[PDB]
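Just the one chain here, laid out as structure tokens, in the form deposited in one PDB entry.
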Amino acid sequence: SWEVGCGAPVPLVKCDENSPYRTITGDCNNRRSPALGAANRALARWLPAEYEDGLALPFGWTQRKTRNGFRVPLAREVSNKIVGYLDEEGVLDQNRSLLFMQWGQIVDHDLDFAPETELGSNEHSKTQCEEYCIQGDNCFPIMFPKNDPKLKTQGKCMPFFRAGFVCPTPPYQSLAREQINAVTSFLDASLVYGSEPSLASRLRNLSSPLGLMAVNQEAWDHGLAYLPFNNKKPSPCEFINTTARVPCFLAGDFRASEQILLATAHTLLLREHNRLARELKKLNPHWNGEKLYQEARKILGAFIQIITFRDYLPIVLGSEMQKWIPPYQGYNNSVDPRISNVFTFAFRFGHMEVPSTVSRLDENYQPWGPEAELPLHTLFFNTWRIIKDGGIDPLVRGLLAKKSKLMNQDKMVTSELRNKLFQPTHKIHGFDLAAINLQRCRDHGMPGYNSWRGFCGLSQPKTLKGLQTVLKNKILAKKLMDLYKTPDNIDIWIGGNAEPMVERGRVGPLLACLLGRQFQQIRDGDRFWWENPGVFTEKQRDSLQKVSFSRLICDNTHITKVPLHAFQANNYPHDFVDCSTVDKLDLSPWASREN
């Protein structure tokens, strides 16, 4: 047997089934199988899980059981010998703006979220894990190798908690452990509106019947809206500066404040929903609040889908784009729209695209003040630099005029993320995102590198010289061999990111395959995909193809000069045009005449 039975904690509701609007949870998209792609369900498995005991224990848990005959190397040791570098000179992508990196984190947050297990509010396990590095239950510490400088200064390990799973979150036992995806699988702007009934309602402004989203009432950006502050204390955003005491923002996704440019992107989208809702009220005075909200919501989701598939994916996938993603042929109800477990690691290629600094530029795109350029690590869960230091326009300009970091085999992840990451639950700027990614691969039961190469129909190197040829790098292959002792054991996150990039793309062959297949499925398996006949009218679709991120900036900021193609590297002032030259979204096709 299969067992489609286990479904426990899910947010089930009844399907209206003629509603022209998506549900908040993702349910009812697929008519024959209503829960397909919904939030709070297990991530799909394209291949069986690989755990140390076949059921739930990650490889590396029992420093006594090997993987294919060899001990798996420490997550942090692989990070130190392969992922790190010191020199930031020459590391920038010459043909990708900072926005290229930032849009990827937005798309990713719309699609997947596998939360850490809790079982702890007034818990000492969150201390037994952090304080003593005792592995057990959901605590699976990242231990430091001999000679790691963090040993001298931080402790014996980095605390790490296992990801939540379906059927309980208590102990449990029976079938293999499947992690949860707490957001909707469809590209539907759930990062703005929420994936839950609760949260979505709370984000809305129901005092007025205008279909607007709630906005901050304590601060304004030159009369432009800020997201509302989050209710919860202790707040990570005020701990980083107890003097400013500025809390984190409240948005449709819980990671909105992880870094300043992510919060900036979230603010733009919140502003766009409100802009849309009042423009729709101008054209249709009779529409009620709910209708304004849903209609504004539907348009914004179409915008994310368009920017993502027309502008972003072609420059990630490059020449592999047509290979995995065919031109759209219509909705396919037999296609599985669920985000796969391996995708959540494949999409983490963006971590190698994050540069070490962030800039605030003034109106002539010149350095904004004395401390214009800031190290990235000072900006994790930092909301005060926005509210107290200039608003979002200076940050938006930097997104347009600065570059992303280029993935480089000798320089993979910046130290701002590799040694100085700040985690919401803890107090130090001392975590390692690369080590966490590797440890999480094991936590999630990921098959190894060659298993995924096979899945994609690519060769599977078994020797040093095999890897060399595939990676087209002798030194990298050798370092990987000395740590893993067999390409079969290489964790998918580093194996996939170590491959040279495809022509015109920014990921290698393995990743192009994993990414490409996933994106083909959420497009083809989405009943509300924007091009699906009947979702929008021919005239509405005609108006929607003229959207651009440039216009979004023009309409929701006080920036007047923007580039036409925001994802490629743009130099000021030559590549910048005046906002009034940029195509506007024409909303007259939405006008609704009575008689």
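Rigid core here is just the name for the largest C-alpha set that superposes within 1.5 Å across the two forms. The first residue of the sequence shown is number 1, and the count goes up from there.
Remark: stretch with higher mean C-alpha B factor among 421-429 and 381-389 is 421-429. With 145-153 and 95-103 compared on mean CA B-factor from the PDB entry, the stretch scoring higher is 145-153.
The PDB entry assigns its highest CA temperature factor, among 162, 397, 405, 323, to 323. Per the deposited record, 235 carries the highest C-alpha B-factor of all listed residues (497, 451, 235, 341). When the modelled residues of the chain are ordered by C-alpha B-factor, residue 44 sits in the lowest third. Remark: residue 437 belongs to the lowest third of its chain, ranked by C-alpha B-factor as recorded. Among the modelled residues of the chain, residue 239 sits in the highest third by CA temperature factor in this PDB entry. The PDB entry assigns residue 52 a C-alpha temperature factor belonging to the middle third of its chain's modelled residues. When the CA B factors of the chain's modelled residues are split into thirds, the value for residue 217 lands in the highest one.
A second form of this protein, the form deposited in another entry, is not displayed here; the remarks below concern that form.
Measuring CA movement between this form and the one not shown with the rigid core aligned, the set 208, 173, 217, 242 has one residue at 2 Å or more: 173. Comparing the forms between this form and the one not shown, the C-alpha position of residue 15 differs by less than 2 angstroms, with the core used for superposition.
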